[PDB]
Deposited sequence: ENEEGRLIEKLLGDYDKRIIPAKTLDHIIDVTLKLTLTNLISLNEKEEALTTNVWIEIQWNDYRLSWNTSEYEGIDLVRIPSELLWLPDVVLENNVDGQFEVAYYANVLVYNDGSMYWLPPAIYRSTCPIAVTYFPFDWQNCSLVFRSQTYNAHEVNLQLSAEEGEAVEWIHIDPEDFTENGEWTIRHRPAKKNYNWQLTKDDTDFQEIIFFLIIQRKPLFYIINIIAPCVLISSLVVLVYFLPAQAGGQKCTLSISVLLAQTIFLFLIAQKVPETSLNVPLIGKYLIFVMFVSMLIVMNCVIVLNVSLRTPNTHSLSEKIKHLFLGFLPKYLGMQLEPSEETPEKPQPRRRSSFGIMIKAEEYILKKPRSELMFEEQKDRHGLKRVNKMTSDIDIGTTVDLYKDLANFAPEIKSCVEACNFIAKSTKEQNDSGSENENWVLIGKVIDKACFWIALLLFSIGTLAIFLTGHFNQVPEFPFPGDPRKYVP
């Protein structure tokens, strides 16, 4: 028969799962962790949660489950269900939902030395405070914090995995099992053991194993699908300075329509970023700037229309203003005779009034051109500056700026 039968019966007989396998009082179990990332499933910005598919490798040394191989026909390795063994309650402390433990309770590999090797897979949803100051060019700094839910530093000593005699200080990524997210590219993946010095060696929160994921958003999709249409639409405000300043020119129509388009784009952006209030996203700042510029241009269109459509009846054309805006910036015979004279006089007055209207139109055109040259420059400078400072947001060269180490295999 399968010789593992009597071996497992002997091992699991007289074995209390609820007892830590401390050989003596001062013995501390050296629990060893190692994370393997198979897929960065998603990063929910609105909920601020990173969803990952990771195998967690936990190694320890339970002295109770050891045997002499020659006694069991050279059996040097068995599999025991994890629900039957003592386990270090290594849990993800910073989960967003209530999921602390692992998804699937895989078997534990037991070696005759007593070495315990547990490799359960898990879907982890871990909180990741998102810095939106440079969206959509941002890079996020997401972290996974593992700690023993039950035991403290006087019973369990969390350590990072030591491979080939050198400590594994990174989230191991197996090229055979890895599908790059496509939206987020992983730049740095360091790992380190951390201490909360506010607490003593007790309190269960003294020691942690933190795995960091410095991920960078690929901006091409956001650039093409949001930023480029927004810039193209916001570049239309400067066109209102070439439409005629009269009925049917439709300066105000174009200006207000571009304002409404920018409002719609602001609403669209509001759906793509978290509702945190620590900073304004870069695209949000650009949208606020262009909406303010378009409002100023609406005011300018109203002013230009009011200037151009003035008449001598309502307003008087001062000579100072005219010089400023046109000199520096740019029986029956008697009745018939009386009737003819009146006709000539009326025609002369009408022509003079038309000329005054034309002068007002010319002043309006001059103001219009000067304001166009101001507004085009303002819009171009704002757009170029904002998206240049967006493009110049690099991921730090080192995983920790204080440290000089790369944390790569």
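Residues of the deposited sequence missing from the coordinate set occupy a single block of positions, 331-410.
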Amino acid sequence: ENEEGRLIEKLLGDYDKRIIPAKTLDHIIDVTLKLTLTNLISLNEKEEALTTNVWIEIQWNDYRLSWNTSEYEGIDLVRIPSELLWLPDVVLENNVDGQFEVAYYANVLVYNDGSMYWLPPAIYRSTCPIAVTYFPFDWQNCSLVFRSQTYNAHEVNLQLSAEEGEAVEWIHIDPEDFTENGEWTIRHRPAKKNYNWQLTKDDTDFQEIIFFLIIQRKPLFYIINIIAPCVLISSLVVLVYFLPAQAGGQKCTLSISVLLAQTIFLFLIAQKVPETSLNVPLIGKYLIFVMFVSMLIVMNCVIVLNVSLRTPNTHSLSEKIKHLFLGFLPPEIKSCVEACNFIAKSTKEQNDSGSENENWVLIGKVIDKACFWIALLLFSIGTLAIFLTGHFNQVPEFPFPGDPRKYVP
From here on, numbers count along this sequence of modelled residues.
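Superpose the two forms; the largest set of C-alphas matching within 1.5 Å is the rigid core.
In terms of root mean square C-alpha deviation after superposing on the rigid core in 4 other deposited structures of this protein, the stretch standing farther out between 159-167 and 175-183 is 175-183. Comparing 339-347 with 54-62 in 4 other deposited structures of this protein, after superposition on the rigid core, the stretch with the greater RMS C-alpha deviation is 339-347. Of the other structures of this protein that model both sides of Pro331, a third or more give it no coordinates.
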